[PDB]
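A closer look at the structure
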Amino acid sequence: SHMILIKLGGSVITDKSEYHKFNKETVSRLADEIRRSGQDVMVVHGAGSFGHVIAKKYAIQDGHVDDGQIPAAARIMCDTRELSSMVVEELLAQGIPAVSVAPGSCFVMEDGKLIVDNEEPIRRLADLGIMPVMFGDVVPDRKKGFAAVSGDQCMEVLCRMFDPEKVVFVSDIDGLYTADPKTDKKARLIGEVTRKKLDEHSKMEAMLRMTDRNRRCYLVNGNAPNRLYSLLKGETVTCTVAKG
Amino acid sequence: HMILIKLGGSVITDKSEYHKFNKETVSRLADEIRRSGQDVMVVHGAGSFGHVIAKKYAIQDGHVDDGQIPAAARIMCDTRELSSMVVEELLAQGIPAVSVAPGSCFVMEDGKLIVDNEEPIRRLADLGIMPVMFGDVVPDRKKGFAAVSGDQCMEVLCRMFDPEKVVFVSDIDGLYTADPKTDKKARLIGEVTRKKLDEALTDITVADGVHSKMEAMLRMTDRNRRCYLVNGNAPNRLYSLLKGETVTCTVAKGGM
Ligand SMILES: Nc1ncnc2c1ncn2[C@@H]1O[C@H](COP(=O)(O)OP(=O)(O)O)[C@@H](O)[C@H]1O
Ligand SMILES: Nc1ncnc2c1ncn2[C@@H]1O[C@H](COP(=O)(O)OP(=O)(O)O)[C@@H](O)[C@H]1O
Ligand SMILES: [C]/C([C][C]N=N=[N])=[C]\[C]OP([O])([O])=O
Ligand SMILES: [C]/C([C][C]N=N=[N])=[C]\[C]OP([O])([O])=O
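Rules of the game
- Residues numbered from 1 in each chain as written, not as in the entry; some residues may be left out.
- Chains lettered and ligands numbered in written order.
- Heavy atoms only, no water.
- Residues with missing side-chain atoms left out of burial classes, pairs and counts.
- Helix = DSSP H or I, 4+ residues; strand = E, 2+ residues; numbered from the N terminus.
- Rg over C-alpha atoms; globule rule 2.2 N^0.38 Å.
- Near = heavy atom within 4 Å.
- Polar contact = N/O pair within 3.5 Å; in protein donor to acceptor, adjacent residues only side chain to side chain.
- Areas by Shrake-Rupley, 256 points an atom, 1.4 Å probe, with all protein chains shown as cover.
- Nonpolar A, V, L, I, M, F, W, Y, C, P; charged D, E, K, R; others polar.
- UniProt positions renumbered as here; feature names shortened; annotations may be inferred.
- Contact = heavy atoms within 4.5 Å.
- Buried area = accessible area lost by both parts, 1.4 Å probe.
- Salt bridge = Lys/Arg side-chain N within 4 Å of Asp/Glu carboxyl O.
- Expected span 1.5 Å × (residues − 1).
- Buried < 20%, exposed > 50% of the residue type's maximum accessible area, 1.4 Å probe, protein only.
- Pairing = 2+ DSSP bridges.

As stated in the entry header, the method of structure determination is X-ray crystallography and the reported resolution is 2.29 Å.

Comments concerning the overall build of chain A
Across its full length, chain A holds 9 helices and 12 strands. Relative to the 2.2 N^0.38 estimate, which gives 18 Å for 244 residues, the radius of gyration of chain A is 17 Å and therefore close to what a compact globule would have. Dimensions along the principal axes, computed over C-alpha positions, put chain A at roughly 50 × 45 × 35 Å.

Considering the site of ligand 4
Residues and elements named next belong to chain B. With respect to spatial proximity, the complete set of residues near ligand 4 consists of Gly45, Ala46, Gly47, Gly50, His51, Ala54, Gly135, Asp136, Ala147, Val148, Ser149 and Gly150. For ligand 4, an oxygen atom lies 2.9 Å from a polar atom in the backbone of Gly150. Taking 410 Å² as the accessible area of ligand 4 by itself, protein coverage stands at 79%. Counting residues per element, the ones that place at least two in the shell around ligand 4 are α3 (51–56) and β8 (144–148). For the shell around ligand 4, the residue count by class is 4 nonpolar, 7 polar and 1 charged.

Describing the UniProt feature "binding site: substrate" (unreviewed entry) in chain B
All names here are of chain B. According to UniProt, the feature "binding site: substrate" (unreviewed entry) maps to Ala46, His51 and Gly150 in the numbering used here. A maximum C-alpha distance of 12.3 Å is found for the annotated residues, which run over 105 residues; spatially they form one tight group. Here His51 shows up in helix α3. When you line up the elements, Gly150 lands in helix α7 (residues 150–161). Among residues more than four places away in sequence, those in contact with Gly150 are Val43, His44 and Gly135.

Quick notes on the interface of chain A and chain B
On the side of chain B, 38 residues touch chain A, which itself brings 38 residues to the contact. Roughly 3100 Å² is buried in total at the junction of chain A and chain B, and carbon and sulfur atoms are behind 65% of that figure. Counting the surface chain A buries against chain B, the share from its top three residues, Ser105(A), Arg124(A) and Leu128(A), is 17%. Taken together, the links from chain A to chain B amount to 4 salt bridges. Here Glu88(B) makes a salt bridge to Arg75(A), at a shortest N to O gap of 2.9 Å. Linking chain A with chain B are 8 residue pairs in polar contact, by the criterion used here. Mapped onto the side of chain A that touches chain B, the elements with two or more residues apiece are α4 (69–93), β3 (98–100), α5 (103–106), α6 (120–127), β7 (137–141) and β8 (145–149) of chain A. The element contributing the most residues to the side of chain A that touches chain B is α4(A), with 13 residues. Of the residues contributing to the side of chain A that touches chain B, the split by class is 21 nonpolar, 8 polar and 9 charged.

A closer look at the pattern of salt bridges
Any two side chains of opposite charge can pair if their charged atoms end up close together. Overall, the coordinates contain 45 salt bridges over all chains when judged by the stated rule. Across the salt bridge formed by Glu215(B) and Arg219(B), the nearest N and O atoms sit 3.3 Å from each other.

Comments concerning the site of ligand 2
Residue and element names in this part refer to chain B. For ligand 2, the set of nearby residues contains 18 residues, the closest of which are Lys6, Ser10, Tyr176, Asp179 and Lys181. Here an oxygen atom of ligand 2 sits 2.8 Å away from a polar atom, N or O, in the side chain of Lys6. At 2.8 Å from a nitrogen atom of ligand 2 is found a main-chain nitrogen or oxygen belonging to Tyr176. In the complex, 80% of the free accessible area of ligand 2, which totals 570 Å², lies under the protein chains. Of all the elements in the fold, those that place two or more residues in the shell around ligand 2 are α1 (9–12), β9 (165–170) and α10 (210–218). Classifying every residue of the shell around ligand 2 by side-chain character gives 7 nonpolar, 5 polar and 6 charged.

Regarding helix α7 (residues 151–162) of chain A
All names here are of chain A. The end-to-end C-alpha separation of α7 is 16 Å, in line with the 16 Å expected for 12 residues at 1.5 Å each. Residues of α7 that are buried include every one of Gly151, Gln153, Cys154, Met155, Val157, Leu158, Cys159 and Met161, and no others. The residue sitting at the N-terminus of α7 and contributing the capping side-chain oxygen is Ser150; that oxygen lies 3.3 Å from the backbone nitrogen of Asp152. A positive backbone phi angle near 50 degrees is found at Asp163, which sits one or two residues after α7.

Topic: the sheet that holds strand β1 (residues 3–7) of chain B
Reading across from one edge, β2-β1-β9-β11-β12-β10 (chain B) is the order of the 6 strands in this open sheet, with mixed pairing throughout. If you trace the sheet from one side to the other, it starts and ends with β2 (40–44) and β10 (191–192) of chain B, each paired once.

Focus on the environment of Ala74(A)
Relative to the helices and strands, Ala74(A) is located in helix α4. Distance from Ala74(A) to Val138(A), taken between C-alpha atoms, is 8.5 Å for residues 64 residues apart in sequence. What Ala74(A) contacts, discounting residues up to four positions off in sequence, is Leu91(B), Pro96(B), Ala97(B) and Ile129(B).

Put into structure tokens, the structure is as follows:
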């Protein structure tokens, strides 16, 4: 019961300012860091520039309103699946058996909720040692035609099915700050996140939901070499932790 | 008025060279589909994106040792990457499509592909985003994992969506009395029925061929829906068949 659920956010695996650009060097290092830690893990990744660009250009997250969005949805779904291959290639190269599980090809959505009615394939892939890799995708919706699922929602489902000991968000920031550290030089790192969120980004809300059953959720900078490796081994690193 | 089409691995890949995609052939076949103007749904095989590694690790035998797991995930990645290449050509010709990997959402039991949840595949077809299934490694309820073929993917979609016509696209003009690559004096079979399938059942067939290929087409047929096996390497032959014209092919009929 010591599995660690990891999200390779789109901020580190892709260049979000450059459409369809894969950060092969960062993902290759992150996969090597994952293997050397010797931990049992499951990998979710974001869509990044392989989806967010065409998404809001056609407002895909708002549902099916025009037939012109159908080729756009297919192109987005083709890109997220292609990105997942590049991620899986790096996992396989390190000796981590993994397979892409596209949510848009397997599940449906209803009122912003990812619905996983059939859990057997994901569970059977896990028991075989072939890590099921979910990711942000365009998903059929029961009310809006289609919708968008995030990497965080995919993790919430896997957090429910497999009860990880730790949950780790890998992004391009040292942690949660008072504001965007890229735009506000007067940003200060927040070390702990509890239900003290009552004072107020909304990432505290996203981190806290996965702290069910006294497990700790971490948010760490993947652009810092070996930080993720040390985190997985239990060594103290710079990060934001959600607890309680 | 939907037509179910299998883009076999023998024509969309170089089956003699691992991980080799025949882009231009697929680009032509997609353009022939667009030019036909038919409501279609496309399944494709794995070809050398699945068979080469499956033979070296006996994946068709199921989970027998831990050395197979890295090979199974390697094939699973290869079939998904090949499917992306196929979808890319479909999108280029104005055919919205999405890859639906059977190993990512289905299981198998006793050599049959179990589809317990039909909603996603049906919702994608309703939106106009063609669900494209393909040959893959699939978790098995009894043997750990199992290999599913394009022919089996075609069966469940035939069961699900009830096409009026089924087309098998391969690297051969049709079914022959023996393998045409190893027998020059072999002739083509024009029509396939349940009667001739029993006529092709031999001891060699049992110990294995042509009987299983006939059975694959016959399972796509019923009282009036026919199955056609056409050569994808013949330019515009798939186009003419989709238009309703007569072409050199093998026809299955009557069901079984
Ligand atoms: N209060 C904040 N603390 C930390 N980062 C923030 C904050 N507000 C905005 N950001 C920005 O959000 C980005 C990460 O969010 P996002 O890219 O959506 O996550 P993901 O990496 O999962 O896609 C960071 O690059 C950071 O610049
Ligand atoms: N009786 C037969 N008739 C036609 N082809 C045969 C026969 N026996 C063996 N073959 C071989 O099978 C090959 C096609 O089979 P396969 O690759 O499974 O089709 P697909 O590519 O549609 O899956 C042909 O290249 C042919 O050489
Ligand atoms: C996929 C998405 C969207 C795009 N397209 N559309 N509607 C998102 C996900 O999320 P992330 O962030 O995790 O990546
Ligand atoms: C997945 C694969 C591999 C295995 N092997 N076997 N029995 C294949 C697919 O299928 P196709 O259709 O391609 O042939």
